[PDB]
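Report on one structure; see the data block that follows.
2 protein chains.
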Amino acid sequence: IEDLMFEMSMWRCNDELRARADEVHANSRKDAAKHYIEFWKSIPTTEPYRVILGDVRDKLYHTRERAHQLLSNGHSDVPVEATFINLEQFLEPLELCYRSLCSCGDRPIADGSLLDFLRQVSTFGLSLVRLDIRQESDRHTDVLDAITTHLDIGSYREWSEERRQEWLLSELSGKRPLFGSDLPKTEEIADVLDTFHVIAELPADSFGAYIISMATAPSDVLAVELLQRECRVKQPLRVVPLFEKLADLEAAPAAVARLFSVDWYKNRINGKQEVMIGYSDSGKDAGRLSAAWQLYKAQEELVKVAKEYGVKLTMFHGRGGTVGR
Amino acid sequence: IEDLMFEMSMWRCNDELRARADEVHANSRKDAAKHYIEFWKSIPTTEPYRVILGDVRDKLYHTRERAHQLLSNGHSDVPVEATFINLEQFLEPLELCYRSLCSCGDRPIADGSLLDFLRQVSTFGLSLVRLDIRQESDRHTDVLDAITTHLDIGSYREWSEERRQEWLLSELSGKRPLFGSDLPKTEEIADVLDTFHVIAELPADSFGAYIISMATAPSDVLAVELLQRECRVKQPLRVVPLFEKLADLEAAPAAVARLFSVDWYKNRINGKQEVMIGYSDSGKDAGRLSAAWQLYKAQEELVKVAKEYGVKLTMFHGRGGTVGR
Ligand SMILES: [Cl-]
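Chains as they are written, first to last, in the entry's author numbering: chain B, 319 to 643; chain A, 319 to 643.
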């Protein structure tokens, strides 16, 4: 950011960026700000790009200090409003600089370091990569079974698929909390519940998708959805199944259509769905050729099903480095 | 405590108090401890009573400091283990000094300042007085009705006494949380829920009884019990009805017997029940004579009911200062 501030030494801006620069120079905090090396003096309105980028540097500093404290200890005294909280609270001031530069005939300048920076921000965000959480279905099954046993209502394990679907649906559309603090938990059970609490405690733009290994029925996706909602995951992430064994690839389109049939999920999925297609285990239990061909059929029929339900499908290819995977 | 430390200058103790004083002088924290004015030097095992009472002063000092912080700000860094947390963790060392003194033929000394102190602790505890929480039944009903309405299960208001009873019982004996953070609350609703949260945050020996104004049915007491359990009140306080209007005094023995009829409540009540008897409103809506007489009969029949159910009843007489109350 300091190198970018050095280059954005222009003085022409449109009335927009001038107004905003006046805003920042208003709350300029006439202080020494000696923790910085460069630009430790309050930036003058002569060079307005440097003013706005100056506020951007302050919010970066405080974001770094907050993350470093949050990591090094368990907590941080750094105020959240002093940091970039949004993926675009960061982007906004840079967008403004770009609009101003183009407005003032400086598109060549704007397409330089400022553009590089814009693409880095829009591409990498506040957390360099979005993290996926992958876990096998049977662990979610164990969790739910502990819950239904504890609620004196049966055993989710022993329940047929239809019973699982109806119950999960009723609990997702219901308004009463499920388990409480007093739920008996295995180390595994508490592992997955705690991972959900960890996901809820953390920023939304840090995570990607929750991938369910050995997914076979909608009860598994709905299970993860309910387990998220009940772990108070404020902005729950998209759930995606992983079909890797060959039989799962044969049965996959049927299962996806049956999932989209659920009006609730089709309404909350918001027209977009991702499903992972594994390449590792297919050519292991059956013929490599049979695996490749069945994969082709799988992609084809998955797209068919998604178009049939008016949902934008993006398929996740779990390819390896070796041709055998 | 310092004056007590000064008088307890004996050198004879039994082996019990000797062992303990040696323990305390072991972890004596060989430091300056200059915040105290008197006894700032590590107390020598020569004066064992002073060793023990000296530790008592450390725990009192830290208890006062924690209480003062907890009051003046919202929180305290003072570790809880440094304080007296139990109303008798305090009593123990003093009991020990008393036992030791009597062992050594010093019962007279034990019956001086030490005894006064024992009685002051055992009578006033860590919180000078135990605080009652009183609220009228209709407010608990409003809360419950908001919950049953929000849970799309009906209207607690419109429900018969029997329906209220069966539902409350099922919820008391159930293990699932009731409402969540998303329960719509009036300012009154959130008032009573918040008082329960305040009760849960605070120590148990700080509170006494929860008095229900306008109590008429077991549903009212069961209601307060459920609201305590659901507000995570770890050690819920005893619920006690208040009969003050003349009709309520007439119906009181019946309503109290009807309460004891619920085996669930009678088994949890631990053989003890308190019920309040108001003296203010009776001689206002009827005569003073009719009210006095009805109060007498009411006490009589209440005792009969409690003896029939093997419950030790203690009655709370809300007498005023004027004869008319
Ligand atoms: Cl119980």
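Note that CB positions come from ideal geometry on N, CA and C, so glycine has one too.
Contact under 8 Å by Cβ, residue i with residue j
i                      : j      : result
A:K377                 : A:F402 : yes
A:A527                 : A:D450 : yes
B:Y416                 : B:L436 : yes
A:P554                 : A:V539 : no
B:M323                 : B:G372 : yes
B:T363                 : B:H343 : yes
B:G498                 : A:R547 : no
B:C331                 : B:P366 : yes
B:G636                 : B:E519 : no
A:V580                 : A:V593 : no
A:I587                 : A:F634 : no
B:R475                 : B:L414 : no
residue 268 of chain B : B:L432 : Not covered by the structure: residue 268 of chain B. The range shown for chain B is 319 to 643.
A:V557                 : A:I530 : yes
B:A541                 : B:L469 : no
B:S537                 : B:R482 : yes
A:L490                 : A:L545 : no
B:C549                 : B:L501 : no
For residue i, the residue or residues it bridges with in DSSP
i      : result
B:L631 : B:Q591
A:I451 : A:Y528
A:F561 : A:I595
A:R556 : A:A527
A:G636 : A:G596
Given residue i as reference, the closest of the options once Cα atoms are compared
i      : options                        : result
A:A569 : A:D321, A:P366, A:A533         : A:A533
B:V641 : B:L335, B:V629, B:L607, B:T632 : B:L607
A:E410 : A:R425, A:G430, A:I370         : A:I370
A:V439 : A:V374, A:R550, A:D603         : A:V374
B:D509 : B:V461, B:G589, B:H393         : B:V461
B:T381 : B:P397, B:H393, B:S390, B:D434 : B:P397
B:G605 : B:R643, B:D512, B:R452, B:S531 : B:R643
A:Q591 : A:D603, A:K552, A:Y597, A:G628 : A:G628
A:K630 : A:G638, A:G589, A:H458, A:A616 : A:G589
A:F442 : A:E320, A:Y597, A:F408         : A:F408
A:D424 : A:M326, A:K625, A:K503         : A:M326
A:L388 : A:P521, A:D566, A:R576, A:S598 : A:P521
A:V516 : A:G392, A:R576, A:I355, A:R368 : A:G392
B:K615 : B:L567, B:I319, B:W582         : B:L567
A:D321 : A:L496, A:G638, A:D434, A:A350 : A:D434
A:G639 : A:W582, A:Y354, A:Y597, A:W611 : A:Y597
A:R368 : A:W477, A:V447, A:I319         : A:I319
A:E484 : A:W582, A:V447, A:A400         : A:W582
A:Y379 : A:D395, A:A400, A:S390, A:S394 : A:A400
Cutoff 7 Å; reference residue i; Cβ partners in own chain excluding five residues on either side
i      : result
B:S473 : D463, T466, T467
A:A609 : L564, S600, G601
A:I507 : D460, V461, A464
B:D333 : none
A:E479 : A535, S537
B:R576 : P536
Cβ neighbours of residue i in the same chain (closer than 6 Å, five flanking residues each side left out)
i      : result
B:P571 : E619, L620, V623
A:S524 : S445
A:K584 : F578
A:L335 : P366, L414, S418
B:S360 : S346, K348
beta-carbon residue i near ligand 2 non-hydrogen atom, thresh 7 Å
i      : result
A:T441 : Among the ligands present in this structure, namely ligand 1, ligand 2 is not found.
Own chain residues within Cβ distance below 8 Å of residue i, not counting five before or after
i      : result
B:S455 : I530, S531, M532, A533, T534, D538, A541
A:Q617 : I595, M633
A:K352 : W358
B:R452 : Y528, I529, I530, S531, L560
B:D340 : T363
A:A350 : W358
B:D603 : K563, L564
A:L613 : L567, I595, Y597, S600
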